[PDB]
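Remarks on the structure that follows.
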Amino acid sequence: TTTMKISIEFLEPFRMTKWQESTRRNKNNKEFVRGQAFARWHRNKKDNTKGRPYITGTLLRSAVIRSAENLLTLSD
RNA sequence: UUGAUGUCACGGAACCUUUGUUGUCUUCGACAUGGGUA
C-alpha cells in the first residue's frame with residue numbers, strides 16, 4: 001500500500017454533533033441521524049466531557065463520490 | 001475516532017408581538033440646647 005497525506009482547511013465556521021452514548025448510535029435515534037453530516041466530538045473517557053473533535057473518513061468518502069459523479073457527468 | 005457498492009443537512013432566517021412609561025408647583029419661619037436655686 002501507498003499512503004497519501006491530506007489536510008482540510010476551513011474557510012467558515014463548521015458544525016459539530018452532540019456526543020451520544022453507544023446505546024443511541026443507531027438508525028432509530030433521530031438526533032444521531034440528523035448529525036451524521038457534521039463533525040464529531042470524541043470523549044477520552046465516557047464519564048467526562050474532556051475530549052477533542054474529529055471528522056470521519058466515511059463522510060469525506062461520500063463527498064468525494066458525489067464530486068466524482070459530477071466530474072464524470074462533465075466528461076461524458 | 002469511521003467502515004465502505006448508497007449521507008440533497010449550502011434540506012430548516014431564532015423568527016413573531018410589546019410606547020422607558022405613570023404620579024410630583026424649585027418651593028419655604030419658629031425653632032435649637034439642658035439645667036439652675038433652695
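Below, each value reflects all heavy atoms present in this structure, side chains not excepted, and no hydrogens, waters or symmetry copies. Throughout, a chain's letter reflects where its sequence line sits, starting with A, and its residues are numbered from 1.
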Centre-to-centre below 5.5 angstrom and planes less than 30 degrees apart, is that true for the six-membered base rings of [N] and [M]?
N: B:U24; M: B:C25; result: no
N: B:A14; M: B:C15; result: yes
N: B:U17; M: B:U18; result: yes
N: B:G34; M: B:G35; result: no
N: B:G20; M: B:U21; result: yes

Decide between north and south for [N], the convention being positive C1'-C2'-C3'-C4' for north and negative for south.
N: B:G23; result: north
N: B:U24; result: south
N: B:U26; result: south
N: B:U7; result: south
N: B:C25; result: south

From the 5' end of RNA chain B to its 3' end, which nucleotides mark the outer limits of contact with chain A, defined by a 4.0 Å heavy-atom distance cut-off (strictly under)? B:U1 to B:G12

Output the residues of [range] in contact with RNA chain B, where contact means a heavy atom of the residue under 4.0 Å from an atom of the strand; sort by number or write none.
range: residues 62-76 of chain A; answer: A:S62, A:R66
range: residues 25-37 of chain A; answer: A:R34, A:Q36, A:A37
range: residues 51-60 of chain A; answer: A:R52, A:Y54, A:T56, A:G57, A:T58, A:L59
range: residues 1-22 of chain A; answer: A:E12, A:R15

Looking at A:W19, I'd like to know if the NZ or CZ of A:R43 sits under 6.0 Å from its six-membered ring centre while staying within 45 degrees of the ring's axis. yes

Can you tell me which stems involve RNA chain B, if a stem is defined as three or more consecutive Watson-Crick or G-U wobble pairs, both distances under 3.5 Å? none

Any idea if B:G34 is syn or anti, going by the 90°-from-0 cut? anti

Whichever of A:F38 and A:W41 has its nearest RNA chain B nucleotide further upstream toward 5': A:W41

In terms of the nearest nucleotide of RNA chain B, which residue is placed more toward the 5' end: A:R61 or A:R40? A:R40

Kindly state each residue pair satisfying salt bridge (charged side-chain N to carboxylate O under 4.0 Å, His left out) with at least one member in residues 44-53 of chain A, sequence neighbours excluded. none

Can you list every pair that meets salt bridge (charged side-chain N to carboxylate O under 4.0 Å, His left out) and has a residue in residues 17-30 of chain A, with sequence neighbours left out? A:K18-A:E31

Give a yes or no answer on whether the side chain of A:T17 reaches the backbone of A:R40 with a donor-acceptor pair at less than 3.5 Å. no

Considering only atom [atom1], compute the distance from [N] to [M] and round it to an integer number of Å.
N: B:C8; M: B:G12; atom1: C1'; result: 13 Å
N: B:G3; M: B:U7; atom1: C1'; result: 14 Å
N: B:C10; M: B:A14; atom1: P; result: 12 Å
N: B:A9; M: B:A13; atom1: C1'; result: 16 Å

Side chain proximity check, A:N29 to A:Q20, heavy atoms < 4.5 angstrom: yes

Show every ring pair (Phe, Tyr, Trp, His ring centres under 6.0 Å) that has at least one partner inside residues 20-53 of chain A, sequence neighbours left out. none

For a quick test of your reading: what N or O donor-acceptor pairs under 3.5 Å do the side chains of residues 63-75 of chain A make, sequence neighbours left out?
{"from": "A:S67", "atom 1": "OG", "to": "A:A63", "atom 2": "O", "distance (Å)": "3.3"}
{"from": "A:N70", "atom 1": "ND2", "to": "A:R66", "atom 2": "O", "distance (Å)": "3.0"}
{"from": "A:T73", "atom 1": "OG1", "to": "A:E69", "atom 2": "O", "distance (Å)": "2.9"}
{"from": "A:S75", "atom 1": "OG", "to": "A:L72", "atom 2": "O", "distance (Å)": "3.4"}

Using every non-hydrogen atom in the two residues, find where A:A39 and A:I55 come nearest and quote the distance to one decimal. CB-CG1, 4.2 Å

Distance check, rounded to the nearest 0.5 Å: A:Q36 atom CD versus A:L59 atom CG? 8.5 Å

Quick one: side chains of residues 5-16 of chain A, donor-acceptor pairs under 3.5 Å with protein atoms, not counting sequence neighbours, listed by atom name and distance.
none

